[PDB]
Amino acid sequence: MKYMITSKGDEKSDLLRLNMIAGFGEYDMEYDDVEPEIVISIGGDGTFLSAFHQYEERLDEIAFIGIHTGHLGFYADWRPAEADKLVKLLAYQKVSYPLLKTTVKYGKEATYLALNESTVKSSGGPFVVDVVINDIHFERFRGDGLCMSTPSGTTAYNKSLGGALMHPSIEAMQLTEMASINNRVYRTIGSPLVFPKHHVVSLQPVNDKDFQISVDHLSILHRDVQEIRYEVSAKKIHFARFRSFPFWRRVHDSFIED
């Protein structure tokens, strides 16, 4: 089976990568980083996020596995000490999580896939956008910005913004406010909003049309924007699971105690 390994690039992770490669060498396994069917990420969640984006064009052909040699490592299912057990075991059931499609339109159009979230802020200056849900104008948002999160993303930036944590079996996206202004004149919903598949949330500029748009902690300035459009993707990320590690246990281990 074709596979590749990414590494955080520190000494621990590179050696672990070389060892697993040596170990895969004792089985019918081909190292191919062009068309892998298995992608192993060794490092933190940042490393895992990079792996996902490195291969976001072949998501339906790939199953991902994360090994943690980072700090928090929330998409990690394995400690390094378990690495040889993993090479053997891999020589399994697939689990799918929902993703977020962002469409950015100008005056052509670009689309992006997120595993955690997509956010919008201004290119400096006040941020003001009209929020339109399924063609119906919902609110005019004034403030720092907005965050649209996938279910697995809900434990990340979304969480820090007061969003709910959402089991990844729920096909949804969640919109949270960053520092909205609310007074006599200006009004937002305040609460996070959870949208199902097939709902489209569109942000439309009011004055300024330059925005800093992020997808999974890669941030780009987009100029001359006419619309930013959010929807649950039809595409999913697939994980190879070799044992039960339930989402809520993963949440417990990362936030309550481990």
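Numbers follow the displayed sequence, beginning with 1. C-alpha atoms forming the largest set that superposes within 1.5 Å between two forms make up the rigid core.
A.B. asks: Comparing against the shown form in 6 other deposited structures of this protein, which stretch has the larger RMS C-alpha deviation after a rigid core superposition, 158 to 166 or 181 to 189?
C.D. replies: After superposing on the rigid core, the more displaced stretch in 6 other deposited structures of this protein is 181 to 189.
A.B. asks: To spell it out: superpose each other structure in 6 other deposited structures of this protein onto this one by the rigid core, compute Cα RMS over structures and residues for 231 to 239 and for 244 to 252. Which is larger?
C.D. replies: Between 231 to 239 and 244 to 252, the one lying farther away in 6 other deposited structures of this protein is 244 to 252.
A.B. asks: Is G70 a gap in at least one third of the other compared entries?
C.D. replies: Looking at the other entries that model residues on either side of it, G70 is missing from at least a third.
A.B. asks: For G107, does the count of other compared entries lacking it reach at least a third?
C.D. replies: yes, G107 frequently unmodelled elsewhere, at least a third of entries.
A.B. asks: Unmodelled residues of the deposited sequence between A91 and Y92: none, 1 to 3, 4 to 9, or 10 or more?
C.D. replies: Missing residues, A91 to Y92: 1 to 3.
A.B. asks: Unmodelled deposited residues between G107 and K108: none, 1 to 3, 4 to 9, or 10 or more?
C.D. replies: Unresolved stretch here: 1 to 3 residues.
A.B. asks: Select between 158 to 166 and 75 to 83 the stretch whose C-alpha atoms have the higher average B-factor in the entry.
C.D. replies: In the deposited entry, the stretch with the higher C-alpha B-factor mean is 75 to 83.
A.B. asks: Hey, which bit's got the bigger mean C-alpha B factor in the entry, 24 to 32 or 212 to 220?
C.D. replies: Comparing 24 to 32 with 212 to 220, the higher mean C-alpha B-factor belongs to 24 to 32.
A.B. asks: Specify which of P98, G153, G124, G145 carries the largest Cα B factor in the deposited PDB entry.
C.D. replies: Each of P98, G153, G124, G145 was compared by C-alpha B-factor; the highest is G124.
A.B. asks: Can you pull the Cα B-factors for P196, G70, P192, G66 from the entry and say which is highest?
C.D. replies: Among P196, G70, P192, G66, the highest C-alpha B-factor in the entry belongs to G70.
A.B. asks: Please place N207 in the lowest, middle or highest third of its chain by C-alpha B factor as given in the entry.
C.D. replies: Ranked within chain, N207 CA B lands in the highest tercile.
A.B. asks: Should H252 be placed in the lowest, middle or highest third of its chain by the C-alpha B factor in the entry?
C.D. replies: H252: CA B-factor falls in the lowest third of its chain.
A.B. asks: Going by the recorded CA B-factors, say which third of the chain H137 sits in, lowest, middle or highest.
C.D. replies: As the PDB entry reports it, the C-alpha B-factor of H137 lands in the middle third of its chain.
A.B. asks: Looking at the temperature factor on the CA atom of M173, which third of the chain's modelled residues does it land in?
C.D. replies: Bottom third by C-alpha B-factor.
A.B. asks: Looking at the temperature factor on the CA atom of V200, which third of the chain's modelled residues does it land in?
C.D. replies: For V200, whose C-alpha B-factor we compare with every modelled residue in the chain, the answer is the lowest third.
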